[PDB]
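> I'd like to ask some things about the structure below.
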Amino acid sequence: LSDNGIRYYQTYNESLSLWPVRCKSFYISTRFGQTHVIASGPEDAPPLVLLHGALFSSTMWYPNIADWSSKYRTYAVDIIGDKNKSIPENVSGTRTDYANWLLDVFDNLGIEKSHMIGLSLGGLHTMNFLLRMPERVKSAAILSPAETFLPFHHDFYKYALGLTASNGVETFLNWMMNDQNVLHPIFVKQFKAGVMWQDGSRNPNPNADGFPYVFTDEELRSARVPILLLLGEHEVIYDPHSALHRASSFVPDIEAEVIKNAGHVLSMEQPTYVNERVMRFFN
Amino acid sequence: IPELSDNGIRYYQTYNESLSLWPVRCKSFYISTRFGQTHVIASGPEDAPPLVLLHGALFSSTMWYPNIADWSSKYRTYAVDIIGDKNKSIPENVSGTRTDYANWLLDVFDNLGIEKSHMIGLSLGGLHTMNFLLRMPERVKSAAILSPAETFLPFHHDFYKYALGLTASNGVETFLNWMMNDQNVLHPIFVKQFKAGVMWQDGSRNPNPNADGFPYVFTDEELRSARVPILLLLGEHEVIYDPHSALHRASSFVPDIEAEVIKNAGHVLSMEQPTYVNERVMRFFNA
Ligand SMILES: [Cl-]
Ligand SMILES: [Mg+2]
């Protein structure tokens with residue numbers, strides 16, 4: 001770990017101070033590297049897996065974990081290769097690799113079947129997984145997924161490219177959060193330290209067979225596990241209504257909605273609503 | 001306008017070393033504008049007709065080292081650092097609008113005392129060139145547009161995917177290996193500067209993204225409004241978009257355009273095939 005990486009790890013730990021319940025941080029071994037997991041909830045309760053949005057880490061679930069972990073043994077898994085505490089190894093970058101990584105996580109956590117919640121990148125990993133390992137998923141809540149139904153609008157790339165510039169994180173977040181005062185300052189400090197940390201592990205080369213990815217009509221038609229799709233009305237990475245329409249056109253028996261007064265990071269903007277909505281779906 | 005950071009100092013060091021590649025006498029100076037202090041490198045005979053060069057994104061005016069001996073033998077050549085891009089120009093309150101970028105270049109022309117000038121732009125500089133010539137035709141003689149950023153077609157998403165990786169371990173070699181077809185064409189000193197600029201992240205702010213700014217694709221009617229002679233050169237191995245589709249579109253709409261896809265070249269064609277590119281553009285401007 002470099003000095004920027006040490007500093008990022010520090011900010012991550014401070015961000016856990018926001019976690020309103022007791023949790024345990026630990027590493028699990030996989031074929032693609034040591035994977036960080038935060039576990040919460042009763043040991044004997046049914047399992048729930050959380051996969052975070054890009055660059056945000058597992059720490060982002062602080063406004064949701066008190067409600068979700070009351071009933072489920074919840075595992076917030078740091079996505080291998082993204083900006084967080086997981087340490088990737090031998091990742092070619094294919095959708096198959098990422099699916100196998102998560103399978104190793106389920107396997108090492110003792111999970112047979114589980115409920116899943118993914119936001120942004122985690123939403124894309126969730127769709128990928130349920131399509132490949134359907135017998136391991138009870139049902140899945142996909143929230144503002146990265147691509148999946150529609151390609152990224154070029155605005156996303158324009159703002160993302162300016163992240164690593166003076167005032168780039170503020171600019172990026174203001175665009176994504178619709179200029180709303182939502183994120184706790186401590187978490188923002190972590191997000192920024194992640195952005196500053198650029199000498200860590202290498203990214204896999206861009207790959208048509210990796211992520212981000214838009215599923216074909218026939219791939220969407222093949223979904224076999226129940227899905228809840230939540231999008232925000234103020235989503236900026238693609239048009240939310242168009243995404244819902246494409247999802248509804250092909251994913252059989254989907255439950256889906258565009259949430260008023262929320263955008264992309266809807267789990268942090270409208271936790272009370274989102275917390276109950278997802279729980280209602282899992283029941 | 002922050003004091004120059006340690007990474008900024010390192011970038012300035014690399015910019016200076018890269019200027020050692022310039023095979024002709026030059027001068028570095030600044031032009032004061034409503035929009036900031038614009039860095040310019042001037043070369044060629046002082047009374048010769050003017051030529052303005054506009055570099056591609058993140059590369060700076062130092063990128064013209066393989067072309068300047070030929071071009072400045074004939075023209076008083078001004079290599080202008082695009083205001084707000086990663087280079088020696090110091091931006092102040094740049095809105096980032098297409099109108100304001102044209103007004104910025106007009107002030108540069110006015111300060112340099114230019115009436116009409118030939119212009120050469122590559123990538124981002126090509127997009128500034130098309131924008132400027134459509135708005136201010138009376139200030140342009142003819143224009144060479146080389147591998148322009150968007151302009152005719154939108155960027156293929158891979159551009160963005162590779163660009164986003166620039167600030168990662170091995171991000172620059174990955175980006176360059178992709179854009180340059182795994183070839184070793186850039187001078188190591190120039191690459192050291194390109195990398196130093198990528199690492200210099202605490203300088204100026206960027207204008208906020210804006211549909212009324214760059215990058216941009218001109219409409220059919222906009223393309224049809226062109227009223228100066230234009231040369232479009234594209235590379236057979238272009239990666240930011242399909243060069244043949246871009247050529248077809250340009251030819252269909254820009255009146256009297258001269259356009260060709262160059263062999264054994266990709267995006268940064270001026271550094272990949274300088275001998276050919278140098279004569280071709282001079283031929284175009286000469287008669
Ligand atoms: Cl209900
Ligand atoms: Mg001629």
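Please note that chains go A, B, ... in the order of the structure tokens, that every chain numbers its residues from 1, and that ligands are numbered from 1 in the order shown.
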Residues at most 6 Å from range 88-96 of chain B, counting only C-alpha atoms, excluding those fewer than 5 positions away in the same chain, as number ranges by chain?

B: 35-39, 81, 83, 207, 213

> Next, the residues of the selection above should be written as a CSV table (one decimal), in the first residue's frame with N, CA, C and O atoms.


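Writing the result to again.csv gives the following:
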chain,number,residue,atom,x,y,z
B,35,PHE,N,-10.1,36.0,-21.4
B,35,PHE,CA,-10.2,34.6,-20.9
B,35,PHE,C,-8.9,34.1,-20.2
B,35,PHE,O,-8.9,32.9,-19.7
B,36,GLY,N,-7.9,34.9,-20.1
B,36,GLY,CA,-6.6,34.4,-19.4
B,36,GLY,C,-5.4,34.7,-20.3
B,36,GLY,O,-5.4,35.4,-21.3
B,37,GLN,N,-4.3,34.1,-19.8
B,37,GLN,CA,-3.0,34.3,-20.4
B,37,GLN,C,-2.7,33.2,-21.3
B,37,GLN,O,-2.5,32.1,-20.8
B,38,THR,N,-2.6,33.4,-22.6
B,38,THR,CA,-2.4,32.3,-23.6
B,38,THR,C,-1.0,32.2,-24.0
B,38,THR,O,-0.4,33.1,-24.4
B,39,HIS,N,-0.5,30.9,-23.8
B,39,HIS,CA,0.9,30.6,-24.2
B,39,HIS,C,0.9,30.3,-25.7
B,39,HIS,O,0.1,29.5,-26.2
B,81,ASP,N,-1.3,27.3,-27.3
B,81,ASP,CA,-1.8,26.4,-26.2
B,81,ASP,C,-3.2,26.7,-25.9
B,81,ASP,O,-3.6,27.9,-25.5
B,83,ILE,N,-6.5,27.4,-24.4
B,83,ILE,CA,-6.8,27.9,-23.0
B,83,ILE,C,-7.7,26.9,-22.3
B,83,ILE,O,-8.8,26.5,-22.7
B,207,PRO,N,-13.9,23.9,-17.2
B,207,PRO,CA,-15.3,24.4,-17.3
B,207,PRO,C,-16.2,23.2,-17.1
B,207,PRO,O,-15.9,22.1,-17.5
B,213,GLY,N,-20.9,23.6,-25.4
B,213,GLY,CA,-19.5,23.6,-25.4
B,213,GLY,C,-18.9,22.5,-26.2
B,213,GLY,O,-19.6,21.9,-27.1

> Based on only C-alpha atoms, which of the residues in chain A come within 7 Å of chain B? I want them as a VMD selection string.

chain A and resid 157 to 159 161 164 to 167 198 to 202 206

> May I have the residues within 9 Å of residue 251 in chain A as a ChimeraX atom specification, using only C-alpha atoms and disregarding those fewer than 2 positions away in the same chain?

/A:217,219-224,227,246-249,253-254

> Keeping C-alpha atoms for every residue in the selection just given, could you write it to a file as a CSV table (one decimal), in the first residue's frame?


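The resulting file, result25.csv, is shown below:
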chain,number,residue,atom,x,y,z
A,217,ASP,CA,-33.0,-8.4,-25.3
A,219,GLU,CA,-30.3,-12.0,-22.2
A,220,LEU,CA,-33.0,-9.9,-20.4
A,221,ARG,CA,-35.6,-12.4,-21.4
A,222,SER,CA,-33.6,-15.2,-19.8
A,223,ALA,CA,-33.8,-13.8,-16.2
A,224,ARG,CA,-35.2,-16.5,-14.0
A,227,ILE,CA,-36.2,-8.7,-9.7
A,246,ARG,CA,-36.7,-1.6,-21.7
A,247,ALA,CA,-36.5,-3.6,-18.5
A,248,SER,CA,-40.3,-4.1,-18.5
A,249,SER,CA,-40.3,-5.1,-22.2
A,253,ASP,CA,-42.5,-10.5,-14.2
A,254,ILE,CA,-40.3,-7.6,-13.1

> Excluding same-chain residues fewer than 6 positions from residue 287 in chain B, what lies within 12 Å of it counting only C-alpha atoms, as a PDB file with C-alpha atoms, in the first residue's frame?


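So the final result, stored in result.pdb, reads:
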ATOM      1  CA  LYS B 141      -7.606  31.809 -45.423  1.00  0.00           C
ATOM      2  CA  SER B 142      -7.780  27.995 -45.563  1.00  0.00           C
ATOM      3  CA  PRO B 229     -11.297  25.957 -48.229  1.00  0.00           C
ATOM      4  CA  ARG B 280       0.159  17.335 -48.167  1.00  0.00           C
ATOM      5  CA  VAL B 281      -0.903  20.304 -45.969  1.00  0.00           C
TER       6      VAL B 281
END

> Compile the contact shell of residue 83 in chain A as number ranges by chain: residues with an atom at most 9 Å away, counting only C-alpha atoms, same-chain residues fewer than 3 positions apart removed.

A: 54-57, 78-80, 86, 191, 194-195, 197, 200

> Per DSSP on the backbone, what are the strand (DSSP E) residues of range 75-235 of chain A, as a PDB file with N, CA and C atoms, in the first residue's frame?


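Contents of part.pdb, as written:
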ATOM      1  N   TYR A  75     -24.136  -9.003   4.429  1.00  0.00           N
ATOM      2  CA  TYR A  75     -22.751  -8.945   4.003  1.00  0.00           C
ATOM      3  C   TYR A  75     -22.585  -7.882   2.927  1.00  0.00           C
ATOM      4  N   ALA A  76     -21.886  -6.813   3.291  1.00  0.00           N
ATOM      5  CA  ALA A  76     -21.543  -5.732   2.348  1.00  0.00           C
ATOM      6  C   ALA A  76     -20.153  -6.022   1.777  1.00  0.00           C
ATOM      7  N   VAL A  77     -20.157  -6.528   0.544  1.00  0.00           N
ATOM      8  CA  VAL A  77     -18.959  -6.994  -0.131  1.00  0.00           C
ATOM      9  C   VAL A  77     -18.346  -5.918  -1.030  1.00  0.00           C
ATOM     10  N   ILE A  87      -8.534  -6.547  -2.629  1.00  0.00           N
ATOM     11  CA  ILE A  87      -7.226  -6.617  -3.294  1.00  0.00           C
ATOM     12  C   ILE A  87      -7.253  -7.610  -4.469  1.00  0.00           C
ATOM     13  N   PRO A  88      -7.415  -7.101  -5.701  1.00  0.00           N
ATOM     14  CA  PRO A  88      -7.588  -8.023  -6.829  1.00  0.00           C
ATOM     15  C   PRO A  88      -6.308  -8.716  -7.286  1.00  0.00           C
ATOM     16  N   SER A 114     -29.386 -16.565  -1.467  1.00  0.00           N
ATOM     17  CA  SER A 114     -29.412 -15.282  -0.773  1.00  0.00           C
ATOM     18  C   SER A 114     -30.190 -14.207  -1.517  1.00  0.00           C
ATOM     19  N   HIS A 115     -30.703 -13.236  -0.760  1.00  0.00           N
ATOM     20  CA  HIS A 115     -31.281 -12.033  -1.336  1.00  0.00           C
ATOM     21  C   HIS A 115     -30.091 -11.129  -1.660  1.00  0.00           C
ATOM     22  N   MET A 116     -30.260 -10.250  -2.640  1.00  0.00           N
ATOM     23  CA  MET A 116     -29.184  -9.343  -3.075  1.00  0.00           C
ATOM     24  C   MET A 116     -29.725  -7.964  -3.353  1.00  0.00           C
ATOM     25  N   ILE A 117     -28.890  -6.967  -3.087  1.00  0.00           N
ATOM     26  CA  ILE A 117     -29.183  -5.575  -3.382  1.00  0.00           C
ATOM     27  C   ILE A 117     -27.902  -5.030  -4.005  1.00  0.00           C
ATOM     28  N   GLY A 118     -28.029  -4.425  -5.174  1.00  0.00           N
ATOM     29  CA  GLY A 118     -26.885  -3.803  -5.815  1.00  0.00           C
ATOM     30  C   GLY A 118     -27.258  -2.426  -6.301  1.00  0.00           C
ATOM     31  N   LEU A 119     -26.343  -1.471  -6.142  1.00  0.00           N
ATOM     32  CA  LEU A 119     -26.543  -0.152  -6.704  1.00  0.00           C
ATOM     33  C   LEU A 119     -25.430   0.156  -7.718  1.00  0.00           C
ATOM     34  N   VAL A 137     -29.576 -17.309  -5.956  1.00  0.00           N
ATOM     35  CA  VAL A 137     -30.285 -16.051  -5.648  1.00  0.00           C
ATOM     36  C   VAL A 137     -31.759 -16.306  -5.334  1.00  0.00           C
ATOM     37  N   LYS A 138     -32.228 -15.780  -4.203  1.00  0.00           N
ATOM     38  CA  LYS A 138     -33.649 -15.828  -3.856  1.00  0.00           C
ATOM     39  C   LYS A 138     -34.400 -14.797  -4.704  1.00  0.00           C
ATOM     40  N   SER A 139     -34.024 -13.538  -4.557  1.00  0.00           N
ATOM     41  CA  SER A 139     -34.541 -12.456  -5.398  1.00  0.00           C
ATOM     42  C   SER A 139     -33.522 -11.314  -5.329  1.00  0.00           C
ATOM     43  N   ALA A 140     -33.585 -10.385  -6.274  1.00  0.00           N
ATOM     44  CA  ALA A 140     -32.601  -9.321  -6.314  1.00  0.00           C
ATOM     45  C   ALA A 140     -33.237  -7.955  -6.497  1.00  0.00           C
ATOM     46  N   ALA A 141     -32.709  -6.982  -5.763  1.00  0.00           N
ATOM     47  CA  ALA A 141     -33.112  -5.590  -5.881  1.00  0.00           C
ATOM     48  C   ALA A 141     -31.966  -4.896  -6.620  1.00  0.00           C
ATOM     49  N   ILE A 142     -32.249  -4.410  -7.830  1.00  0.00           N
ATOM     50  CA  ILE A 142     -31.285  -3.663  -8.641  1.00  0.00           C
ATOM     51  C   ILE A 142     -31.692  -2.179  -8.624  1.00  0.00           C
ATOM     52  N   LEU A 143     -30.792  -1.337  -8.139  1.00  0.00           N
ATOM     53  CA  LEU A 143     -31.030   0.091  -7.921  1.00  0.00           C
ATOM     54  C   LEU A 143     -30.122   0.917  -8.853  1.00  0.00           C
ATOM     55  N   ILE A 227     -36.983  -9.962  -9.777  1.00  0.00           N
ATOM     56  CA  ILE A 227     -36.213  -8.736  -9.730  1.00  0.00           C
ATOM     57  C   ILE A 227     -37.077  -7.529  -9.392  1.00  0.00           C
ATOM     58  N   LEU A 228     -36.531  -6.665  -8.537  1.00  0.00           N
ATOM     59  CA  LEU A 228     -37.087  -5.338  -8.262  1.00  0.00           C
ATOM     60  C   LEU A 228     -36.128  -4.300  -8.837  1.00  0.00           C
ATOM     61  N   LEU A 229     -36.629  -3.469  -9.745  1.00  0.00           N
ATOM     62  CA  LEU A 229     -35.838  -2.386 -10.325  1.00  0.00           C
ATOM     63  C   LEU A 229     -36.297  -1.028  -9.778  1.00  0.00           C
ATOM     64  N   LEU A 230     -35.396  -0.326  -9.069  1.00  0.00           N
ATOM     65  CA  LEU A 230     -35.644   1.027  -8.598  1.00  0.00           C
ATOM     66  C   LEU A 230     -34.712   2.013  -9.316  1.00  0.00           C
ATOM     67  N   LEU A 231     -35.304   3.055  -9.876  1.00  0.00           N
ATOM     68  CA  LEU A 231     -34.609   4.131 -10.568  1.00  0.00           C
ATOM     69  C   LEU A 231     -35.089   5.429  -9.950  1.00  0.00           C
ATOM     70  N   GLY A 232     -34.292   6.486 -10.040  1.00  0.00           N
ATOM     71  CA  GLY A 232     -34.729   7.818  -9.586  1.00  0.00           C
ATOM     72  C   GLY A 232     -35.220   8.718 -10.719  1.00  0.00           C
TER      73      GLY A 232
END

> Check which residues fall inside 9 Å of ligand 1 when counting only C-alpha atoms and all ligand atoms, and print them as a list in words.

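I would give the residues around ligand 1 as residues 277, 280 and 281 of chain A.
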
> Please dump the current selection as a PDB file, in the first residue's frame; keep N, CA and C atoms.


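So the final result, stored in result.pdb, reads:
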ATOM      1  N   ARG A 277     -39.332  -0.330   0.859  1.00  0.00           N
ATOM      2  CA  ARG A 277     -39.660  -0.888  -0.460  1.00  0.00           C
ATOM      3  C   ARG A 277     -38.925  -2.205  -0.740  1.00  0.00           C
ATOM      4  N   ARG A 280     -40.139  -4.905   1.675  1.00  0.00           N
ATOM      5  CA  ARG A 280     -41.467  -5.365   1.294  1.00  0.00           C
ATOM      6  C   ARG A 280     -41.358  -6.403   0.183  1.00  0.00           C
ATOM      7  N   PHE A 281     -40.452  -6.140  -0.757  1.00  0.00           N
ATOM      8  CA  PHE A 281     -40.178  -7.034  -1.875  1.00  0.00           C
ATOM      9  C   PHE A 281     -39.585  -8.354  -1.412  1.00  0.00           C
TER      10      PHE A 281
END

> What residues in range 107-234 of chain B get the DSSP label alpha helix (DSSP H)? Please answer as a PyMOL selection string.

chain B and resi 107-112+124-135+157-164+171-179+188-199+220-224

> Can you write just those residues out, C-alpha atoms, as a PDB file, in the first residue's frame?


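What follows is the written file out_39.pdb:
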ATOM      1  CA  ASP B 107      -8.587  38.010 -29.320  1.00  0.00           C
ATOM      2  CA  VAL B 108      -5.395  35.986 -29.966  1.00  0.00           C
ATOM      3  CA  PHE B 109      -5.582  36.826 -33.687  1.00  0.00           C
ATOM      4  CA  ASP B 110      -6.254  40.474 -32.897  1.00  0.00           C
ATOM      5  CA  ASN B 111      -3.343  40.657 -30.403  1.00  0.00           C
ATOM      6  CA  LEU B 112      -1.003  38.889 -32.874  1.00  0.00           C
ATOM      7  CA  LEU B 124      -9.393  19.104 -30.076  1.00  0.00           C
ATOM      8  CA  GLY B 125      -7.516  21.731 -32.085  1.00  0.00           C
ATOM      9  CA  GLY B 126      -9.358  20.512 -35.201  1.00  0.00           C
ATOM     10  CA  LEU B 127     -12.714  21.037 -33.443  1.00  0.00           C
ATOM     11  CA  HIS B 128     -11.676  24.578 -32.376  1.00  0.00           C
ATOM     12  CA  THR B 129     -10.685  25.166 -36.018  1.00  0.00           C
ATOM     13  CA  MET B 130     -14.000  24.060 -37.504  1.00  0.00           C
ATOM     14  CA  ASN B 131     -15.832  26.074 -34.826  1.00  0.00           C
ATOM     15  CA  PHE B 132     -13.730  29.185 -35.515  1.00  0.00           C
ATOM     16  CA  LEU B 133     -13.917  28.977 -39.342  1.00  0.00           C
ATOM     17  CA  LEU B 134     -17.706  28.613 -39.327  1.00  0.00           C
ATOM     18  CA  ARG B 135     -18.062  31.634 -37.041  1.00  0.00           C
ATOM     19  CA  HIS B 157     -17.356   4.913 -26.082  1.00  0.00           C
ATOM     20  CA  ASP B 158     -13.958   3.200 -26.028  1.00  0.00           C
ATOM     21  CA  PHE B 159     -12.342   6.641 -26.165  1.00  0.00           C
ATOM     22  CA  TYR B 160     -13.968   7.420 -22.865  1.00  0.00           C
ATOM     23  CA  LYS B 161     -13.161   4.038 -21.377  1.00  0.00           C
ATOM     24  CA  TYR B 162      -9.462   4.396 -22.212  1.00  0.00           C
ATOM     25  CA  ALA B 163      -9.392   8.076 -21.202  1.00  0.00           C
ATOM     26  CA  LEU B 164     -10.897   7.303 -17.773  1.00  0.00           C
ATOM     27  CA  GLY B 171      -2.911   4.075 -17.619  1.00  0.00           C
ATOM     28  CA  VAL B 172      -0.848   6.115 -20.068  1.00  0.00           C
ATOM     29  CA  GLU B 173       0.954   3.211 -21.715  1.00  0.00           C
ATOM     30  CA  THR B 174      -2.442   1.496 -22.014  1.00  0.00           C
ATOM     31  CA  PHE B 175      -4.034   4.592 -23.550  1.00  0.00           C
ATOM     32  CA  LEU B 176      -1.158   5.180 -25.942  1.00  0.00           C
ATOM     33  CA  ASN B 177      -0.819   1.477 -26.920  1.00  0.00           C
ATOM     34  CA  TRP B 178      -4.502   1.626 -27.882  1.00  0.00           C
ATOM     35  CA  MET B 179      -4.570   4.953 -29.767  1.00  0.00           C
ATOM     36  CA  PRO B 188      10.183   9.279 -24.976  1.00  0.00           C
ATOM     37  CA  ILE B 189      10.680  12.918 -23.867  1.00  0.00           C
ATOM     38  CA  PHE B 190       7.299  13.864 -25.314  1.00  0.00           C
ATOM     39  CA  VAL B 191       5.686  10.902 -23.532  1.00  0.00           C
ATOM     40  CA  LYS B 192       7.272  11.938 -20.214  1.00  0.00           C
ATOM     41  CA  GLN B 193       5.502  15.318 -20.620  1.00  0.00           C
ATOM     42  CA  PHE B 194       2.174  13.736 -21.596  1.00  0.00           C
ATOM     43  CA  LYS B 195       2.363  11.583 -18.454  1.00  0.00           C
ATOM     44  CA  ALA B 196       3.476  14.601 -16.311  1.00  0.00           C
ATOM     45  CA  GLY B 197       0.378  16.510 -17.449  1.00  0.00           C
ATOM     46  CA  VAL B 198      -1.908  13.554 -16.548  1.00  0.00           C
ATOM     47  CA  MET B 199      -0.351  13.596 -13.067  1.00  0.00           C
ATOM     48  CA  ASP B 220     -25.739  19.165 -41.603  1.00  0.00           C
ATOM     49  CA  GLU B 221     -26.701  22.811 -42.057  1.00  0.00           C
ATOM     50  CA  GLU B 222     -23.734  23.923 -39.975  1.00  0.00           C
ATOM     51  CA  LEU B 223     -21.425  21.830 -42.151  1.00  0.00           C
ATOM     52  CA  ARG B 224     -23.111  23.273 -45.269  1.00  0.00           C
TER      53      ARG B 224
END

> Counting only C-alpha atoms and all ligand atoms, what residues are within 8 Å of ligand 2, given as a PDB file with N, CA and C atoms, in the first residue's frame?


ATOM      1  N   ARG B 283       0.974  21.583 -49.633  1.00  0.00           N
ATOM      2  CA  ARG B 283       0.467  21.527 -51.001  1.00  0.00           C
ATOM      3  C   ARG B 283      -0.906  22.187 -51.027  1.00  0.00           C
ATOM      4  N   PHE B 284      -1.761  21.788 -50.080  1.00  0.00           N
ATOM      5  CA  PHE B 284      -3.101  22.348 -49.942  1.00  0.00           C
ATOM      6  C   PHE B 284      -3.122  23.873 -49.749  1.00  0.00           C
ATOM      7  N   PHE B 285      -2.259  24.380 -48.873  1.00  0.00           N
ATOM      8  CA  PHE B 285      -2.179  25.819 -48.625  1.00  0.00           C
ATOM      9  C   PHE B 285      -1.491  26.596 -49.766  1.00  0.00           C
ATOM     10  N   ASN B 286      -0.600  25.938 -50.505  1.00  0.00           N
ATOM     11  CA  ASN B 286       0.270  26.636 -51.460  1.00  0.00           C
ATOM     12  C   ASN B 286      -0.405  27.112 -52.722  1.00  0.00           C
ATOM     13  N   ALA B 287      -1.287  26.282 -53.257  1.00  0.00           N
ATOM     14  CA  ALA B 287      -2.000  26.605 -54.489  1.00  0.00           C
ATOM     15  C   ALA B 287      -3.379  25.961 -54.513  1.00  0.00           C
TER      16      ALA B 287
END

> When you draw a straight line from CA of residue 111 in chain A to CA of residue 123 in chain A, how long is it in Å?

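Distance reported for this atom pair: 19.3 Å.
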
> Show me, as JSON, numbers by chain, the residues that have an atom within 6 Å of range 262-272 of chain B when counting only C-alpha atoms, minus same-chain residues fewer than 4 positions from it.

{"B": [147, 234, 235, 236, 237, 238, 277]}

> Which residues, written as a list in words, have at least one atom at most 7 Å from residue 143 in chain B, with only C-alpha atoms counted and residues fewer than 6 positions away on the same chain left out?

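The residues that qualify are residues 118, 119, 120, 229, 230 and 231 of chain B.
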
> Kindly export the residues of the current selection with C-alpha atoms, as a CSV table (one decimal), in the first residue's frame.


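The new file out-v3.csv reads:
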chain,number,residue,atom,x,y,z
B,118,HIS,CA,-4.0,29.6,-42.6
B,119,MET,CA,-4.9,27.2,-39.7
B,120,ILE,CA,-4.0,23.6,-38.7
B,229,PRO,CA,-11.3,26.0,-48.2
B,230,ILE,CA,-10.8,23.0,-45.9
B,231,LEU,CA,-8.5,19.9,-46.0

> Tell me, in Å to one decimal, how far CA of residue 178 in chain A is from CA of residue 84 in chain B.

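Computing the Euclidean distance for CA of residue 178 in chain A and CA of residue 84 in chain B yields 25.3 Å.
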
> Out of A:66, A:188, A:173, A:236, which residue has the shortest atom-to-atom distance to residue 21 in chain A when counting only C-alpha atoms?

A:66
